[PDB]
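**Student:** I am attaching a structure below and will ask some questions about it afterwards.
Residue numbers (the authors' numbering), protein chains in the order written: chain L, 439 to 487; chain E, 5 to 527; chain A, 50 to 98; chain S, 269 to 447; chain C, 716 to 804; chain W, 448 to 517, 519 to 804.
Laid out in structure tokens, this is it:
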């Protein structure tokens, strides 16, 4: 419970930090933000199912 | 498009038999002069290398390797492939074994090897040098029977496998029979040829006195060796080690056969001796037995009291298989055709093969180094201009638009790129690249590949330590490119590299001579 | 399992029975060939299954 | 002992010690020929009978079969123990003739005591190169003509037969591969 | 480690790093030197003498296990399987 | 498997299981002349349907030797030869059976031109299919000839000689033209060299006939060699074929040349590049099945190919010349090896040198 959103502040884990460092410059474009939003919504629907 | 057509017996017979003869001669019987391997051995070693049967890894079952070979490369039944694997793994068939076996692989006594489901195999350490630098496109590849996979046309050998391990095969018209040799002597002969290519056969014979079989023995004459090495054909007599021991107390003598000739079965030899004794052909044999206990090879032949003993041994040499005549016939595929060739031809063919392999390897390494240097130039120029590149990529909607923006905009070099791309600025670009790109007077123009590599750059590499690592890698690649160009520039450096490789091979896999070579009164 | 790991999919091209039998005997089944091939033959033929 | 820790169940050092003693004493008997004159062949548990010995080893990284350390299973110790024993026991036997003769007399007496208790028997023809004696071709018979000094190994097939025939003792051991 | 299971599993995983087992599917896969080291050499030998304790019990066991009738054989196998299942109650 | 070689085998050795079975089935009584009665033959069509591979051909030759030596059956025309396929090919729905390797080469050439159009300019009509097929056939023939000639000369020189201008015997009397031609050839070879070779030229002042034979030096793998293009080579019948092909390819492809295969497009600059692209695009969906004998064929495929008389293809064995047939059988199947070796060597040389 230490990590995650707390008081409007996201606390990263070491795995999350490593995933962020693996992020490529290709994915800073405007399309990939919408891709992440859509993928997160789809995964929330899948988790609910 | 008719159901029946006439065909002559002569035309059909000639076409079918010529097709079979050429197919056998080129594809199963004779070995190639360069790598000294038949196509079966080449395909088996390629399958073992692709599977990952390294010399320092666990054994794999023979069933898996045979199944992979039959399925992929060699469609000629599993029994023949397993027989070839067994012969390659045996220590008494090949002078230097190409397979490390785990189980029963037969013996000189005549026992057949264990079945395919029992034994396990693994490449010998010599095979890795026999297949060195295969991944660097040093040899042409040919598609297999299905066309779904590629097989090498010839292995990029470092070992002179033809002279070293020998060969024996029966083609339709031709038939090869090449004895084994010692690796150190053959490498010394190769080095002597490299030092002076116009060397007589006498010099090579000084460096290569004669064959050296896996089973130690005595070669009786020397005329046959000279005739074989000058002409390519000749008979050599291989004698057996055989003393005559006398006990201190009693005068009865015994004949002890320590060793036997090459490709002689011990059990069949003993059966032949017993048959000669029963038929009263040989006089004076009191008894006959074996006493081998993995500490040599002992065959005691007790002599009667009323017998000389030496006369009995001479009779055994004359009549029995203790002395065998090895008929040398040095036939091998040179330029994909059969050819009777002598020692100097084989050594020259091996040296030419090494020249080709080293040249192609250097060309491949130079191309790889130049491509990596190109990508590192792109990465360094991008890290110099990291802020505007991030701004342009962030503003762009798509990766394709980012690629177009990166390619369109020329970029300032920066201090790190300016210092880097000053020493050896020229003579390091890839060959296919047009003069439009590159450092066009202080402004770097990116290609599509460079822009794509820049977009694939991760945020982990923005640290200064990784930047210095890229600079060090670029300098090391410049040094490597200079060395490779220096190798390609002069033939003397090529010969130096080949000589260094041969000396290293002799240092690693050198071995002592086994068979004694003696004179004879018939010479 | 050996045919699945090799990739002998129904829509892919065929593979020789020798390769599959060798892979099975080498990796999974310790009981030697000529009995795995009988099981493969029985599973393939349409009048047994 | 291994690093001053006693071993109850022996180990690799004990096996190497036993093998070296048996080999050295058999070699000495064959060289001097006292076994031939005694008409009896010494074996294991005759050299070891009435023996006191203390083997101590100092391995840097020993590997035991359990945390109790009742058995050393280190593969390196056996070769060193065997080599040192094979050299130095032979050197001692050559140096000390009287003690060697006394020990050989003890071993010969033990072998005679073993031989006396055996059942009565008779010699049997064995398969040979000159004579087969109407025995199967698959049989790989031995040289010893006396039963009670010979063995028959019933193995499962021809491949196992070849594997066992390549490594054996031709004097005593024979193999008959079944199907 | 938070529990004994984690510690034991970690030790087992660390044990099997450099491990390499070689199952012998009969004596054909063994080298002659390995056979001599293991079985044939009387110094490093381990045999067992077959001896008869009770003749009647041996005859009954041979008839049940190896005879024509299957019902005694099946009953014996089932009882021994249940006994193996109920070794410690 | 294989049967006895009756030419080498003694007549007493004929008592073997395979030959005894065949003689019982034919019911010729199994003796040469003591009671040989060909009128009581149980089948008037004897069909030698061996495997579609090399060892099948060898077994066919052995069977033909048996039938001819042990002869009236062959003369009356009762012996036949079946021709089962070696390869099966498939591109999705399409399927086809291929017998020989040359048939496979023709099939690959057929796919490569299937729905393929070559445009020389940016906007020009597609070349005719027949003309493109003729061009590809001639190119493959010259490639085979150059592969044969690889022993004599390097392949790079011979491939470059297609595109350079012709050099007639009238030019050999001249000197400046020879120097310009060989200099242009060597310059083009050096420019296009992707290996370590280094090409140089040298003129031969052959005063015996006032000729000028150019010599092209090359340093490949450190070995320096000379390849004098003598007067024989200029009119040896092999350079003529190269010149005839080159006349069809001097300036056929323009700067904006491209090839279309329907959906895909590719600009090109050389005929070799276009052919390679067509061959690579042909083999995407292709799948080849090689039958290692008739055991791998399904019975339905055997019935479709070489059992059904409707879709059958067969050959009738006949004896055109008895003396020549006897000599051929004795040479190719006799005990003596010297005539066999000489025959194999001569036929290999003829095959490698078919009419220049």
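From the three backbone atoms N, C-alpha and C, an ideal C-beta is built for every residue, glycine too.
Quick check on residue 647(W): buried or exposed, where buried means 16 or more other Cβ atoms within 10 Å of its Cβ?
**Tutor:** buried
**Student:** Between residue 186(E) and residue 516(E), what straight-line distance do the alpha-carbon atoms span, to the nearest angstrom?
**Tutor:** 8 Å
**Student:** Quick one: grab the DSSP three-state call for residue 294(E).
**Tutor:** strand
**Student:** Between which two residues does the beta strand (DSSP E) carrying residue 259(E) extend?
**Tutor:** 257-261
**Student:** Would you list the one or two residues that DSSP bridges to residue 715(W)?
**Tutor:** Partner residues in the beta bridge of residue 715(W), as assigned by DSSP, are 706(W).
**Student:** Please tell me whether residue 332(E) and residue 213(E) are closer than 8 Å, where the distance is taken between their beta carbons.
**Tutor:** no
**Student:** Based on Cα-Cα distance, which residue from 761(C), 777(C), 759(C) and 719(C) lies nearest to residue 767(C)?
**Tutor:** 777(C)
**Student:** Tell me where the beta strand (DSSP E) around residue 441(S) begins and ends.
**Tutor:** 441-445
**Student:** Should the segment 477-484 of chain E be called in touch with the segment 334-347 of chain E, which here means at least 3 C-beta pairs below 8 Å?
**Tutor:** No: fewer than three Cβ pairs fall under 8 Å.
**Student:** Compute the distance between the beta-carbons of residue 589(W) and residue 612(W), then report whether it is under 8 Å.
**Tutor:** The answer is no: Cβ separation not under 8 Å.
**Student:** Does the distance between the C-beta of residue 396(S) and the nearest non-hydrogen atom of the ligand NAP fall short of 7 Å?
**Tutor:** You won't find the ligand NAP in this model; it holds no ligand whatsoever.
**Student:** Check whether the segment 430-437 of chain S and the segment 737-748 of chain C touch, using three or more Cβ-Cβ pairs below 8 Å as the test.
**Tutor:** yes
**Student:** So the beta strand (DSSP E) residue 543(W) belongs to, where does it begin and stop?
**Tutor:** 542-546
**Student:** Report back the beta-carbon spacing between residue 432(E) and residue 377(E) to the nearest angstrom; my notes put them in contact at under 8 Å.
**Tutor:** 6 Å
**Student:** I'd like to know whether the C-beta of residue 780(W) is nearer than 8 Å to at least one C-beta of chain E.
**Tutor:** For residue 780(W), the answer is yes, since a Cβ of chain E falls inside 8 Å of its Cβ.
**Student:** May I ask you to list, following chain order, the residues of the segment 271-285 of chain E that have a beta carbon less than 8 Å from some beta carbon of chain S?
**Tutor:** 274, 275, 277, 278, 281 and 282
**Student:** Determine contact between the segment 729-736 of chain W and the segment 492-504 of chain W, defined as no fewer than three beta-carbon pairs at a distance below 8 Å.
**Tutor:** no
**Student:** Using CA coordinates, which residue listed in 153(E), 68(E), 440(E) and 179(E) is at the minimum distance from residue 126(E)?
**Tutor:** 68(E)
**Student:** First and last residue of the alpha helix (DSSP H) that includes residue 559(W)?
**Tutor:** 549-560
**Student:** Mind pulling the chain E residues with CB within less than 8 Å of residue 735(C)?
**Tutor:** 62
**Student:** Just the C-alpha distance for residue 95(E) and residue 586(W), rounded to the nearest angstrom, thanks.
**Tutor:** Straight-line Cα distance between these residues: approximately 53 Å.
**Student:** Would you say residue 805(C) lies against chain S (beta-carbon separation less than 8 Å)?
**Tutor:** This structure leaves residue 805(C) out entirely; chain C is present only between 716 and 804.
**Student:** Counting only beta-carbon separations shorter than 8 Å, does residue 424(S) have a partner in chain C?
**Tutor:** Interface residue, yes.
**Student:** Please classify residue 65(E): does DSSP put it in a helix, a strand, or coil?
**Tutor:** When DSSP states are grouped into helix, strand and coil, residue 65(E) belongs to the strand group.
**Student:** Are at least three pairs of beta-carbons, each pair with one atom in the segment 126-138 of chain E and one in the segment 48-61 of chain E, less than 8 Å apart?
**Tutor:** yes
**Student:** Return the chain-ordered ranges of every beta strand (DSSP E) run that is complete within the segment 434-465 of chain E and spans a minimum of 3 residues.
**Tutor:** 447-449
**Student:** Could you tell me whether the Cβ of residue 758(C) comes closer than 8 Å to any Cβ of chain E?
**Tutor:** no
**Student:** Check the Cβ-Cβ distances between residue 459(L) and every residue of chain E, and say whether any is below 8 Å.
**Tutor:** yes
**Student:** Quick check: the Cα distance between residue 63(A) and residue 608(W), rounded to an integer number of angstroms?
**Tutor:** 43 Å
**Student:** For residue 432(S), return the contacting residues in chain C, with the cut-off set at a CB-CB distance below 8 Å.
**Tutor:** 742, 747, 750 and 755
**Student:** For chain L, find out if any of its Cβ atoms is closer than 8 Å to the Cβ of residue 408(E); answer yes or no.
**Tutor:** So no, residue 408(E) is outside the interface.
**Student:** Contact between the segment 344-364 of chain E and the segment 262-282 of chain E is defined here as three or more beta-carbon pairs at a separation below 8 Å; is this criterion met?
**Tutor:** Because the criterion of three Cβ pairs below 8 Å is not met, the segment 344-364 of chain E and the segment 262-282 of chain E do not touch.
**Student:** Between which two residues does the beta strand (DSSP E) holding residue 795(W) run?
**Tutor:** Careful: residue 795(W) lies outside any beta strand (DSSP E), inside the alpha helix (DSSP H) at 786-800.
**Student:** For residue 118(E), which residues in the same chain have their Cβ closer than 7 Å to its Cβ, ignoring the five residues on either side in sequence?
**Tutor:** 107 and 108
**Student:** To the nearest angstrom, report how far apart residue 422(S) and residue 326(S) are at their CA atoms.
**Tutor:** Computed Cα separation, rounded: 42 Å.
**Student:** Please check the pair residue 519(E) and residue 644(W), which I expect to be a contact at CB under 8 Å, by giving their CB distance rounded to whole angstroms.
**Tutor:** Between residue 519(E) and residue 644(W) a beta carbon distance of about 42 Å is seen, past the 8 Å cut, so the two are scored as non-contacting.
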